[PDB]
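First the structure, in the form of structure tokens, and then the observations on it.
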Amino acid sequence: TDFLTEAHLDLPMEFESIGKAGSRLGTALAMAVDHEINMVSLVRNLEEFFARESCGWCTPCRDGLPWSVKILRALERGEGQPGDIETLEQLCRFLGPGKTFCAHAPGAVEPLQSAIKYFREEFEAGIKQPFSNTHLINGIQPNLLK
Amino acid sequence: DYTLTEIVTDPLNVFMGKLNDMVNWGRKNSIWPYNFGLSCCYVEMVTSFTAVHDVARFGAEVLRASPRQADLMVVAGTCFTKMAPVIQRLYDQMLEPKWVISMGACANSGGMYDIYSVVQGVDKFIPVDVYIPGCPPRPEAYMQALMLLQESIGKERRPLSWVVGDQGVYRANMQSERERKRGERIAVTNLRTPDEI
Ligand SMILES: CCCCCCCCCCC1=C(C)C(=O)C(OC)=C(OC)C1=O
Ligand code: SF4
Ligand code: SF4
Numbered sequence: 297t298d299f300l301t302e303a304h305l306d307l308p309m310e311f312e313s314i315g316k317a318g319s320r321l322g323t324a325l326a327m328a329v330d331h332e333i334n335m336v337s338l339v340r341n342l343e344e345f346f347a348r349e350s351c352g353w354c355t356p357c358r359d360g361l362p363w364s365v366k367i368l369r370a371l372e373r374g375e376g377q378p379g380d381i382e383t384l385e386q387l388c389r390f391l392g393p394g395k396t397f398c399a400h401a402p403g404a405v406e407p408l409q410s411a412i413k414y415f416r417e418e419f420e421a422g423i424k425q426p427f428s429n430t431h432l433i434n435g436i437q438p439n440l441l442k
Numbered sequence: 002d003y004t005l006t023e024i025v026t027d028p029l036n037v038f039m040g041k042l043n044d045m046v047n048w049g050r051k052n053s054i055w056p057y058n059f060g061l062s063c064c065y066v067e068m069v070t071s072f073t074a075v076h077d078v079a080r081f082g083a084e085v086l087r088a089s090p091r092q093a094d095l096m097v098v099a100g101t102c103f104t105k106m107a108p109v110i111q112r113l114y115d116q117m118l119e120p121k122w123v124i125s126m127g128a129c130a131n132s133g134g135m136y137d138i139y140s141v142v143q144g145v146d147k148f149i150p151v152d153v154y155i156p157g158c159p160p161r162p163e164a165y166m167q168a169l170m171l172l173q174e175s176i177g178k179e180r181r182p183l184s185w186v187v188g189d190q191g192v193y194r195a196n197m198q199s200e201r202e203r204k205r206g207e208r209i210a211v212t213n214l215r216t217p218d219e220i
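Keeping their order, the protein sequence lines are chains F and B. If you're matching positions, the first sequence starts at 297 in the authors' numbering and goes up one per residue. Take the second sequence: its letters are residues 2 to 6, 23 to 29, 36 to 220, numbered as in the authors' numbering.
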């Protein structure tokens, strides 16, 4: 289920009330996160669970939850690179209902998109390195894309 | 190891050998190419004829418009089907001794033009003495072919007179340049990287 802030604490625990807030009522067993917990680490643990509990049937969950896991691991260690949060948002919008075979992957990406929506400064603080996908090959001039 | 026109040995008194060596020296040091323009390879040939390369230094700048006065036919260009009888007639109009250099992939084999209107190499209908790969060969490749032809001319046996002696032409079977340069070509390890100038 999606994370909610303290402003949403004055909301009735009904399906339709939490639905319009941008979350799900779910099992109605709420879990509270204090200020001491880094949200990047918490969502990394959540995504590690959701990526190791994939059944491997369908491509977006099976091959996109580990990509988000590795991105969140890089953000945890400060090794994030530009385009990582954009990749997380693309994963969130491309693992929704209908895109994947079952509902495990939308429920996987709901806390990720909620944490990006409400706590983007914690995710932006993990990007410290410039983007580097290629290493220089001697004798070959690279295509310096702008 | 020669070729008589059959694989025979070297036919070469000692005064006749000196006379043959003098004749071969005069023939290889004075080679008159025929002015024949087929395609782009002719442009690189005449580039070799100009001041920045100076093919005149080898005595091979007298470019004749008449096949009678020319000794060397450089087929430098594509051998088109309409141009092939012209090439054969111009080769037939030449006089002994005559030598042929195929310049470029078109004259060697047809090159990239394996097409309905191209004869696949000039060795299909005239005998070639020296082949040059390239499309086009650079001018110094034409110079190197001229030195290859000179080395081939210097070790061939031809009759001194048409009334005395054997009238057959004995052309030497040279070692291939590939086998000769295989020692120095395989030993190459590192070349300059292409990103520099
Ligand atoms: C019967 C008339 C004979 C005229 C003189 C012919 C022999 C000299 C050719 C000179 C020459 C010309 C014109 C020439 O155009 C040329 O460039 C391809 C040369 O090579 C560098 C030449 O050597
Ligand atoms: S979304 Fe569901 S069906 Fe697809 S691989 Fe994940 S657990 Fe399996
Ligand atoms: S070998 Fe290449 S450069 Fe020479 S005549 Fe043919 S197309 Fe032109």
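Heads up, the beta-carbon is just placed ideally off N, CA and C, and yes, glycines get one too.
Looking at the C-beta of residue i, does it have a partner C-beta in chain F at a distance below 9 Å?
i	result
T4(B)	no
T26(B)	no
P217(B)	yes
Report yes if the C-beta of residue i is less than 8 Å from at least one heavy atom of ligand 4; otherwise report no.
i	result
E67(B)	For the structure depicted, ligand 4 is absent and the ligand set comprises only ligand 1, ligand 2 and ligand 3.
Does chain B have any CB closer than 9 Å to the CB of residue i?
i	result
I367(F)	no
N434(F)	yes
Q386(F)	no
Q425(F)	no
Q409(F)	no
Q437(F)	yes
Can residue i and residue j be called in contact, C-beta distance under 9 Å?
i	j	result
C357(F)	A404(F)	yes
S125(B)	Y154(B)	yes
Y57(B)	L95(B)	yes
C102(B)	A128(B)	no
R389(F)	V365(F)	no
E332(F)	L321(F)	no
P182(B)	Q190(B)	yes
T26(B)	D2(B)	yes
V145(B)	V109(B)	no
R194(B)	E179(B)	yes
Would you say the beta carbon of residue i is closer than 8 Å to some non-hydrogen atom of ligand 2?
i	result
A210(B)	no
residue 250(F)	Outside the modelled stretch of chain F, which goes from 297 to 442, sits residue 250(F), for which no answer is possible.
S350(F)	yes
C354(F)	yes
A370(F)	no
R358(F)	yes
Alpha helix (DSSP H) containing residue i: first to last residue?
i	result
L5(B)	Not the alpha helix (DSSP H): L5(B) falls in the beta strand (DSSP E), residues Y3 to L5.
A168(B)	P162 to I176
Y136(B)	Element bounds for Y136(B): n/a, residue is neither H nor E.
List the endpoints of the continuous beta strand (DSSP E) containing residue i.
i	result
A99(B)	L95 to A99
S125(B)	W122 to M126
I155(B)	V153 to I155
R180(B)	Premise fails: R180(B) is in no beta strand (DSSP E) and is neither H nor E.
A401(F)	Unbroken run through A401(F) is the alpha helix (DSSP H), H400 to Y414; no beta strand (DSSP E).
Return yes when the C-beta of residue i is under 8 Å from any heavy atom of ligand 3, and no when it is not.
i	result
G191(B)	no
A168(B)	no
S140(B)	no
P159(B)	yes
For ligand 1, is there any heavy atom lying closer than 8 Å to the beta carbon of residue i?
i	result
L86(B)	yes
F81(B)	no
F72(B)	yes
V78(B)	yes
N36(B)	no
For a minimum of 4 consecutive residues, which ranges assigned as the alpha helix (DSSP H) are wholly contained in the stretch 315 to 395 of chain F?
Under the rule that a run must span 4 or more residues, the alpha helix (DSSP H) segments found entirely inside the stretch 315 to 395 of chain F read 335 to 348, 355 to 372 and 380 to 389.
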